[PDB]
Amino acid sequence: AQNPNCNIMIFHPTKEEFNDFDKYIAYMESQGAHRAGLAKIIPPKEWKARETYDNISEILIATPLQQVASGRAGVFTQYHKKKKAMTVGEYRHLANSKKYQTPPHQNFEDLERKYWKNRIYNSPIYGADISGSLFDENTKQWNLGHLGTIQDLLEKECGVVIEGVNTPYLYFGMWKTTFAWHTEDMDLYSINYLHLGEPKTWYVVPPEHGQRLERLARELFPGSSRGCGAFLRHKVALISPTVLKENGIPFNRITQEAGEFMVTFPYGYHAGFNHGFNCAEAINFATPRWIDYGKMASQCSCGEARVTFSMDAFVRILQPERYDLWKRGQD
Ligand SMILES: O=C(O)CNC(=O)C(=O)O
Ligand SMILES: [Mg+2]
Ligand code: NI
Ligand SMILES: [Zn+2]
């Protein structure tokens, strides 16, 4: 069995290997990359996402989110308070202000220590989940707005044609902005490209051990667990590496820098934080190997998780028994 310790693998494809996206994902899996739940892909030196980032300041962040924490430093939830719209140029200036800027630090490990010590005492503002793309239309390789759609994959594998669309999302971050522990909708893959700025640190639980994280989460968030049998779908709970280690939960960590791709694999729980002002682009995707994970994915039916239009068909076709209850949650 390849990668039996479920380590995060790092790949350096050549320009020739960067042509065929599906083939390269399948290669990485042949080497056991999925066992970690997360992989890093460093593009060939010939490649670029676009020519420059000099003209992005007028992008609008219609609903910036202030991430307010509750709990203790290693075990907390966050809620998202909506803020007034601002442009990317306004948000960059805000991120660099004395109130929000990254503190002085020695290295990524020192910064990580400072994040876990102090995150809860601040409320950073995240420009998350903005439909759009920063890939140039002429970028032919690993262009996250030109991937095969999940609807077409389902149709290719299973023969059923369904409604829905699959487009990318932009994330503008600042110091301490946080992504809570989650798997993707319908336990899909994700791919995330860090276009510019400061790094993003990731934590990940191997897919084969995801239920260990779920059991800890039920223990640590006991009211939330009574509320919903899949409350990590709400994307609000944080658990630190120290707490994970104390509870024997297998995980790994890695820091993504600008110009790098990360892939999350089906049922790979992940969480993390931004080091300072940055911009990432991410989208979900599927492969043939996903189908069995989609059929088994948990679902939130309490009403909190509320998701895209396109998840309807995935539930309807892959999980017809759950469909009725899940849809009640959506309505
Ligand atoms: O970058 C973020 O805030 C969150 N991203 C992801 O969870 C991802 O790409 O799957
Ligand atoms: Mg602009
Ligand atoms: Ni994710
Ligand atoms: Zn729920």
# chains A, B, ... in the order shown; residues from 1 in each chain; ligands from 1
$ closest_atom_pairs --of "chain A" --to "ligand 3" --cutoff "12 Å" --atoms "only C-alpha atoms and all ligand atoms" --output "tab-separated table"
residue	atom	partner	partner_atom_place_in_ligand_line	distance
A:37	CA	ligand 3	1 (Ni)	10.9
A:38	CA	ligand 3	1 (Ni)	10.2
A:128	CA	ligand 3	1 (Ni)	11.8
A:129	CA	ligand 3	1 (Ni)	11.1
A:169	CA	ligand 3	1 (Ni)	11.4
A:171	CA	ligand 3	1 (Ni)	11.6
A:178	CA	ligand 3	1 (Ni)	11.4
A:179	CA	ligand 3	1 (Ni)	7.8
A:180	CA	ligand 3	1 (Ni)	8.8
A:181	CA	ligand 3	1 (Ni)	8.4
A:182	CA	ligand 3	1 (Ni)	6.4
A:183	CA	ligand 3	1 (Ni)	6.1
A:184	CA	ligand 3	1 (Ni)	5.4
A:185	CA	ligand 3	1 (Ni)	8.6
A:186	CA	ligand 3	1 (Ni)	11.5
A:187	CA	ligand 3	1 (Ni)	9.7
A:188	CA	ligand 3	1 (Ni)	9.2
A:189	CA	ligand 3	1 (Ni)	8.4
A:190	CA	ligand 3	1 (Ni)	6.3
A:191	CA	ligand 3	1 (Ni)	8.4
A:192	CA	ligand 3	1 (Ni)	8.5
A:202	CA	ligand 3	1 (Ni)	10.1
A:203	CA	ligand 3	1 (Ni)	10.9
A:204	CA	ligand 3	1 (Ni)	10.2
A:232	CA	ligand 3	1 (Ni)	11.8
A:233	CA	ligand 3	1 (Ni)	10.8
A:235	CA	ligand 3	1 (Ni)	9.5
A:262	CA	ligand 3	1 (Ni)	10.2
A:263	CA	ligand 3	1 (Ni)	9.2
A:264	CA	ligand 3	1 (Ni)	7.1
A:265	CA	ligand 3	1 (Ni)	9.6
A:266	CA	ligand 3	1 (Ni)	10.3
A:267	CA	ligand 3	1 (Ni)	10.2
A:268	CA	ligand 3	1 (Ni)	8.9
A:269	CA	ligand 3	1 (Ni)	8.0
A:270	CA	ligand 3	1 (Ni)	6.5
A:271	CA	ligand 3	1 (Ni)	7.6
A:272	CA	ligand 3	1 (Ni)	9.6
A:273	CA	ligand 3	1 (Ni)	11.9
A:280	CA	ligand 3	1 (Ni)	11.9
A:281	CA	ligand 3	1 (Ni)	11.3
A:282	CA	ligand 3	1 (Ni)	8.4
A:283	CA	ligand 3	1 (Ni)	8.9
A:284	CA	ligand 3	1 (Ni)	8.5
A:285	CA	ligand 3	1 (Ni)	11.5
$ closest_atom_pairs --of "chain A" --to "ligand 4" --cutoff "12 Å" --atoms "only C-alpha atoms and all ligand atoms" --output "tab-separated table"
residue	atom	partner	partner_atom_place_in_ligand_line	distance
A:223	CA	ligand 4	1 (Zn)	11.8
A:224	CA	ligand 4	1 (Zn)	8.5
A:225	CA	ligand 4	1 (Zn)	8.8
A:226	CA	ligand 4	1 (Zn)	9.8
A:227	CA	ligand 4	1 (Zn)	6.9
A:228	CA	ligand 4	1 (Zn)	4.5
A:229	CA	ligand 4	1 (Zn)	6.8
A:230	CA	ligand 4	1 (Zn)	5.7
A:231	CA	ligand 4	1 (Zn)	4.8
A:232	CA	ligand 4	1 (Zn)	7.8
A:233	CA	ligand 4	1 (Zn)	6.5
A:234	CA	ligand 4	1 (Zn)	6.2
A:235	CA	ligand 4	1 (Zn)	9.8
A:236	CA	ligand 4	1 (Zn)	11.0
A:298	CA	ligand 4	1 (Zn)	10.3
A:299	CA	ligand 4	1 (Zn)	7.7
A:300	CA	ligand 4	1 (Zn)	4.0
A:301	CA	ligand 4	1 (Zn)	5.5
A:302	CA	ligand 4	1 (Zn)	4.1
A:303	CA	ligand 4	1 (Zn)	5.6
A:304	CA	ligand 4	1 (Zn)	4.8
A:305	CA	ligand 4	1 (Zn)	5.6
A:306	CA	ligand 4	1 (Zn)	8.7
A:307	CA	ligand 4	1 (Zn)	11.4
A:325	CA	ligand 4	1 (Zn)	11.9
A:326	CA	ligand 4	1 (Zn)	9.9
A:328	CA	ligand 4	1 (Zn)	11.8
A:329	CA	ligand 4	1 (Zn)	8.3
A:330	CA	ligand 4	1 (Zn)	10.4
$ write_last_selection --atoms "C-alpha atoms" --output "PDB file, in the first residue's frame"
ATOM      1  CA  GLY A 223     -24.663  20.960  22.430  1.00  0.00           C
ATOM      2  CA  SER A 224     -23.857  21.283  18.725  1.00  0.00           C
ATOM      3  CA  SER A 225     -23.739  17.512  18.399  1.00  0.00           C
ATOM      4  CA  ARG A 226     -27.213  17.142  19.955  1.00  0.00           C
ATOM      5  CA  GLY A 227     -28.490  19.772  17.523  1.00  0.00           C
ATOM      6  CA  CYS A 228     -27.254  18.017  14.392  1.00  0.00           C
ATOM      7  CA  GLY A 229     -25.872  14.601  13.519  1.00  0.00           C
ATOM      8  CA  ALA A 230     -23.438  16.264  11.023  1.00  0.00           C
ATOM      9  CA  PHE A 231     -22.665  19.557  12.646  1.00  0.00           C
ATOM     10  CA  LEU A 232     -19.181  19.854  11.149  1.00  0.00           C
ATOM     11  CA  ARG A 233     -21.099  20.640   7.942  1.00  0.00           C
ATOM     12  CA  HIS A 234     -21.823  23.999   9.588  1.00  0.00           C
ATOM     13  CA  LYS A 235     -18.193  24.889   9.210  1.00  0.00           C
ATOM     14  CA  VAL A 236     -17.799  26.662  12.562  1.00  0.00           C
ATOM     15  CA  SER A 298     -23.146  12.666   5.765  1.00  0.00           C
ATOM     16  CA  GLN A 299     -25.583  15.318   5.593  1.00  0.00           C
ATOM     17  CA  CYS A 300     -26.834  18.227   7.755  1.00  0.00           C
ATOM     18  CA  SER A 301     -30.668  18.277   7.692  1.00  0.00           C
ATOM     19  CA  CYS A 302     -31.081  20.692  10.748  1.00  0.00           C
ATOM     20  CA  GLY A 303     -31.135  23.591   8.407  1.00  0.00           C
ATOM     21  CA  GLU A 304     -27.918  25.279   9.359  1.00  0.00           C
ATOM     22  CA  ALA A 305     -25.563  24.145   6.553  1.00  0.00           C
ATOM     23  CA  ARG A 306     -27.603  25.603   3.598  1.00  0.00           C
ATOM     24  CA  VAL A 307     -25.674  24.971   0.360  1.00  0.00           C
ATOM     25  CA  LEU A 325     -35.242  14.855   4.826  1.00  0.00           C
ATOM     26  CA  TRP A 326     -32.239  16.769   3.461  1.00  0.00           C
ATOM     27  CA  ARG A 328     -36.703  19.805   4.222  1.00  0.00           C
ATOM     28  CA  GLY A 329     -33.453  21.175   5.759  1.00  0.00           C
ATOM     29  CA  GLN A 330     -32.885  23.296   2.644  1.00  0.00           C
TER      30      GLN A 330
END
$ closest_atom_pairs --of "chain A" --to "ligand 2" --cutoff "7 Å" --atoms "only C-alpha atoms and all ligand atoms" --output "tab-separated table"
residue	atom	partner	partner_atom_place_in_ligand_line	distance
A:55	CA	ligand 2	1 (Mg)	4.9
A:56	CA	ligand 2	1 (Mg)	3.5
A:57	CA	ligand 2	1 (Mg)	4.3
A:58	CA	ligand 2	1 (Mg)	3.3
A:59	CA	ligand 2	1 (Mg)	4.6
$ atom_distance --atom1 "atom CA of residue 219 of chain A" --atom2 "atom CA of residue 245 of chain A"
15.1 Å
$ select_by_dssp --residues "segment 116-278 of chain A" --states "alpha helix (DSSP H)" --output "PyMOL selection string"
chain A and resi 116-118+150-158+210-220+222-227+241-246
$ select_by_dssp --residues "segment 1-150 of chain A" --states "strand (DSSP E or B)" --output "PyMOL selection string"
chain A and resi 9-11+38-41+60-61+65-72+75-82+86-87+125-131
$ closest_residue --among "A:292, A:257, A:321, A:54" --to "ligand 1" --atoms "only C-alpha atoms and all ligand atoms"
A:257
$ residues_around --residues "residue 19 of chain A" --least-positions-apart "2" --cutoff "9 Å" --atoms "only C-alpha atoms" --output "list in words"
residues 15, 16, 17, 21, 23, 24, 140, 141 and 142 of chain A
$ closest_residue --among "A:39, A:9, A:291, A:111" --to "ligand 1" --atoms "only C-alpha atoms and all ligand atoms"
A:39
$ residues_around --residues "residue 146 of chain A" --least-positions-apart "6" --cutoff "10 Å" --atoms "only C-alpha atoms" --output "PyMOL selection string"
chain A and resi 135+137+139-140+166-168
$ write_last_selection --atoms "N, CA, C and O atoms" --output "short mmCIF file (atom, residue, chain, number, x, y, z; two decimals), in the first residue's frame"
data_model
loop_
_atom_site.label_atom_id
_atom_site.label_comp_id
_atom_site.auth_asym_id
_atom_site.auth_seq_id
_atom_site.Cartn_x
_atom_site.Cartn_y
_atom_site.Cartn_z
N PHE A 135 -7.81 33.36 -12.99
CA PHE A 135 -6.98 32.73 -14.05
C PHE A 135 -7.19 33.44 -15.36
O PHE A 135 -8.33 33.70 -15.77
N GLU A 137 -7.87 33.69 -19.20
CA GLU A 137 -8.49 32.74 -20.08
C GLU A 137 -7.57 32.01 -20.97
O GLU A 137 -7.94 30.91 -21.38
N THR A 139 -4.66 30.75 -19.97
CA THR A 139 -3.95 29.72 -19.21
C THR A 139 -4.66 28.39 -19.42
O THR A 139 -5.82 28.24 -19.00
N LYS A 140 -3.99 27.47 -20.11
CA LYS A 140 -4.62 26.24 -20.50
C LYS A 140 -4.48 25.13 -19.50
O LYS A 140 -5.27 24.20 -19.56
N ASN A 166 -20.91 24.42 -11.76
CA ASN A 166 -19.69 24.18 -10.92
C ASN A 166 -18.74 25.35 -11.24
O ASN A 166 -17.98 25.12 -12.19
N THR A 167 -18.70 26.46 -10.38
CA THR A 167 -17.76 27.54 -10.74
C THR A 167 -16.85 27.86 -9.52
O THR A 167 -17.15 27.59 -8.41
N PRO A 168 -15.68 28.55 -9.82
CA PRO A 168 -14.78 28.79 -8.72
C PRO A 168 -15.13 29.89 -7.79
O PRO A 168 -15.99 30.77 -8.17
#
$ atom_distance --atom1 "atom CA of residue 18 of chain A" --atom2 "atom CA of residue 164 of chain A"
27.6 Å
$ closest_residue --among "A:175, A:126, A:314, A:293" --to "ligand 1" --atoms "only C-alpha atoms and all ligand atoms"
A:126
$ closest_residue --among "A:278, A:138, A:252, A:287" --to "ligand 1" --atoms "only C-alpha atoms and all ligand atoms"
A:278
$ closest_residue --among "A:210, A:241, A:248, A:259" --to "residue 75 of chain A" --atoms "only C-alpha atoms"
A:241
$ closest_residue --among "A:151, A:122, A:67, A:7" --to "ligand 1" --atoms "only C-alpha atoms and all ligand atoms"
A:67
$ atom_distance --atom1 "atom CA of residue 286 of chain A" --atom2 "atom CA of residue 149 of chain A"
7.7 Å
$ residues_around --residues "residue 3 of chain A" --least-positions-apart "5" --cutoff "9 Å" --atoms "only C-alpha atoms" --output "short mmCIF file (atom, residue, chain, number, x, y, z; two decimals) with N, CA, C and O atoms, in the first residue's frame"
data_model
loop_
_atom_site.label_atom_id
_atom_site.label_comp_id
_atom_site.auth_asym_id
_atom_site.auth_seq_id
_atom_site.Cartn_x
_atom_site.Cartn_y
_atom_site.Cartn_z
N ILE A 8 1.42 13.95 4.02
CA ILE A 8 1.15 14.91 2.96
C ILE A 8 2.29 14.83 1.93
O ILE A 8 3.44 15.17 2.28
N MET A 9 1.96 14.56 0.70
CA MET A 9 2.91 14.50 -0.36
C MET A 9 2.96 15.77 -1.15
O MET A 9 1.95 16.51 -1.31
N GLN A 31 0.37 7.04 -6.20
CA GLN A 31 1.47 7.12 -5.25
C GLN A 31 0.98 7.23 -3.80
O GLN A 31 1.80 7.41 -2.88
N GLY A 32 -0.31 7.13 -3.57
CA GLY A 32 -0.87 7.18 -2.22
C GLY A 32 -1.16 8.55 -1.69
O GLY A 32 -1.44 8.69 -0.49
N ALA A 33 -1.18 9.57 -2.54
CA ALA A 33 -1.36 10.96 -2.01
C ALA A 33 -2.66 11.11 -1.28
O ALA A 33 -2.69 11.84 -0.27
N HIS A 34 -3.73 10.50 -1.75
CA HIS A 34 -5.03 10.68 -1.09
C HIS A 34 -5.09 10.19 0.28
O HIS A 34 -5.97 10.65 1.04
N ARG A 35 -4.21 9.29 0.69
CA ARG A 35 -4.29 8.78 2.03
C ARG A 35 -4.12 9.86 3.09
O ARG A 35 -4.64 9.75 4.19
N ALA A 36 -3.37 10.91 2.76
CA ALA A 36 -3.19 12.06 3.69
C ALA A 36 -4.42 12.93 3.82
O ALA A 36 -4.60 13.62 4.83
#
